[PDB]
Amino acid sequence: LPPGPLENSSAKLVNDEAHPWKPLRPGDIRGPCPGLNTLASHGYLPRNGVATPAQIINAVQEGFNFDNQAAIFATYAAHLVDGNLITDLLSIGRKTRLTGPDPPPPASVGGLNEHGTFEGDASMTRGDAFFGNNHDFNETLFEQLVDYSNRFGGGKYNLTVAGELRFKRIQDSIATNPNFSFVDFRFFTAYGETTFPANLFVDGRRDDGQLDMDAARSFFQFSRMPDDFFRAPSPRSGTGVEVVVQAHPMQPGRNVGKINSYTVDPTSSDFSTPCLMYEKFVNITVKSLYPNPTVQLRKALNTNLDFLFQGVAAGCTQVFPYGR
Ligand code: HEM
Ligand SMILES: *[C@@H]1O[C@H](CO)[C@@H](O)[C@H](O)[C@H]1NC(C)=O
Ligand SMILES: *[C@@H]1O[C@H](CO)[C@@H](O)[C@H](O)[C@H]1NC(C)=O
Ligand SMILES: *[C@@H]1O[C@H](CO)[C@@H](O)[C@H](O)[C@H]1NC(C)=O
Ligand SMILES: *[C@@H]1O[C@H](CO)[C@@H](O)[C@H](O)[C@H]1NC(C)=O
Ligand SMILES: *[C@@H]1O[C@H](CO)[C@@H](O)[C@H](O)[C@H]1NC(C)=O
Ligand SMILES: Oc1cccc2ccccc12
Ligand SMILES: Oc1cccc2ccccc12
Ligand SMILES: [Cl-]
Ligand SMILES: [Mg+2]
């Protein structure tokens with residue numbers, strides 16, 4: 001079962017004796033998420049970067065005070081499209097035999113590195129998949145984050161910086177990635193993610209939304225908590241996302257095989273239709289990976305889809321692609 005919320009959600013030291021940072025060993029997997037990467041590199045998750053959904057939910061709550069609903073939604077969304085539903089294992093990065101025997105095509109079980117399932121374009125510190133690497137820390141992109149922090153955040157990363165950088169990244173992908181896609185699930189996650197450094201990488205004794213660049217580099221590049229890092233003082237995920245959207249409101253769309261051809265997609269969900277984002281994720285994205293599953297897969301899909309629905313913001317109706 002998905003873990004419940006923390007019994008005690010106070011700020012506390014999370015870079016502690018039981019959770020030291022260690023460098024990668026051969027075979028250890030890190031991916032496009034600096035949060036999960038850091039949890040793995042401090043042993044909140046298995047240090048090889050392969051974990052169960054329950055391990056992931058417990059780690060994001062314990063290590064960073066990610067809220068339960070967001071933890072559940074993200075984890076089961078990722079697991080459904082990138083994880084092995086039979087073995088209950090998900091790679092936080094590149095596809096690995098460690099997640100076990102694969103299901104039939106067209107399912108990929110590609111880990112979080114898979115492009116276009118969860119991971120997508122206009123990431124802050126990772127390049128678009130089209131440019132060759134959607135997962136490793138990129139120094140040039142991080143230096144741009146520092147520059148935007150200097151220009152809009154007084155040297156710190158905050159929601160104002162997020163609003164400007166989010167837009168810059170979109171516009172750079174429009175200008176250079178002929179395959180740029182910015183619809184549906186990615187349209188939502190691209191905004192929320194930009195709040196996470198301000199909400200979750202800021203020491204919880206401050207919780208002031210102003211992330212310094214030394215801490216930012218430590219998390220984004222080295223998957224390492226600052227010495228003496230306290231987690232956030234209460235559960236939170238994407239609060240302040242409205243600031244980021246309001247800075248430069250966008251419509252969902254994509255380039256259409258050429259640069260500078262961004263074309264709005266009226267079939268995509270947007271922030272006015274959050275339930276549509278959920279329904280399309282299940283009916284189209286998940287169903288297309290598993291169009292006619294065999295018995296054990298069908299049962300695992302339905303279980304994980306029920307868990308996903310627990311993380312859906314209130315008011316949406318559950319959909320059942322494989323029946324009830
Ligand atoms: C709850 C389970 C989570 C999963 C499965 C997950 C997975 C992912 C994935 C696949 C991405 C790539 C999005 C992209 O293409 O840019 C991403 C982005 C990101 N995640 Fe998470 N994430 C989770 C929770 C968290 C938490 C708790 C934090 C912070 C503590 C966090 C911080 C970030 C950041 C900062 C980015 C954007 C990095 C960048 O653009 O350079 N995530 N996440
Ligand atoms: C919760 O944890 C905090 C910090 O570890 C501690 O001070 C407090 O006594 C615990 N109990 C409650 C209910 O806050
Ligand atoms: C290009 O976008 C398509 C969907 O429009 C996606 O299937 C594919 O993985 C993307 N390729 C790259 C390398 O960006
Ligand atoms: C990092 O991002 C920059 C700017 O988009 C790009 O030129 C470069 O190919 C990427 N990779 C490396 C290793 O810098
Ligand atoms: C970010 O920092 C800048 C400069 O200190 C400040 O003007 C702005 O109000 C801050 N934004 C947020 C959302 O804290
Ligand atoms: C998803 O499929 C369900 C039937 O299982 C249907 O009721 C619903 O309208 C569909 N949603 C979308 C957005 O296709
Ligand atoms: O927008 C989001 C909401 C909740 C969780 C997320 C995890 C990763 C990336 C984006 C997320
Ligand atoms: O309201 C939201 C919009 C987009 C992404 C989010 C991620 C987490 C939590 C809330 C989010
Ligand atoms: Cl919570
Ligand atoms: Mg990306």
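Start at 1 with the first residue, then count along the sequence. All heavy atoms count here, side chains included; hydrogens, waters and symmetry mates do not.
- Judged by a 6.0 Å distance limit and a 45° cone about the ring axis, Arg324 is positioned over the six-membered ring of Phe320.
- Surrounding CG of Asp227 are at most 12 heavy atoms belonging to other residues, nucleotides or ligands under 6.0 Å away.
- Looking at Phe66, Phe64, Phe201 one by one, the single match for ring pair (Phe, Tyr, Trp, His ring centres under 6.0 Å) with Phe196 turns out to be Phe66.
- The main-chain N or O of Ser237 is found under 3.5 Å from a side-chain atom of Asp67 such that the two form a donor-acceptor pair.
- Checked by atom type, the side-chain pair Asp82/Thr117 shows a donor-acceptor distance below 3.5 Å.
- Partners of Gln251 by side-chain contact (heavy atoms from CB on, under 4.5 Å), not counting sequence neighbours, listed by chain and number: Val264.
- Using modelled atom types, no side-chain atom of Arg231 and backbone atom of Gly63 make a donor-acceptor pair closer than 3.5 Å.
- Within the 3.5 Å criterion, the main-chain N or O of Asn179 finds no donor-acceptor partner in the side chain of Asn255.
- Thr267 pairs by the side-chain contact (heavy atoms from CB on, under 4.5 Å) definition with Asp265, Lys280, not counting sequence neighbours.
- Remark: aromatic rings of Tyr148 and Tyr157 are distant, center separation not under 6.0 Å.
- The pair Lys95-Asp102 meets the salt-bridge criterion, since a charged nitrogen lies less than 4.0 angstrom from a carboxylate oxygen.
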task = Report the C-alpha distance between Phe188 and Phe182 in whole Å, list the side-chain angles of each, state the deciding distance to 0.1 Å, and finish with yes or no for ring pair (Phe, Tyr, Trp, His ring centres under 6.0 Å).
result = CA-CA 9 Å; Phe188 280 70; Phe182 206 63; over 10 Å; no

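- Donor-acceptor pairing under 3.5 Å is recorded for the side chains of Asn177 and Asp128.
- In this structure, the ring of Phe271 has its center less than 6.0 angstrom from the ring center of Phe187.
- For the 3.5 Å distance criterion, the side chains of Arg236 and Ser234 qualify, holding a donor opposite an acceptor.
- Relative to the ring axis of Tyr322, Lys299 does not place its NZ or CZ within 45° and under 6.0 Å from the centre.
- Of the charged side-chain nitrogens involved, at least one lies within less than 4.0 Å of a carboxylate oxygen, so that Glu193 and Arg166 count as a salt-bridged pair.
- A salt bridge does not link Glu164 to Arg169: none of the charged side-chain nitrogens sits closer than 4.0 Å to a carboxylate oxygen.
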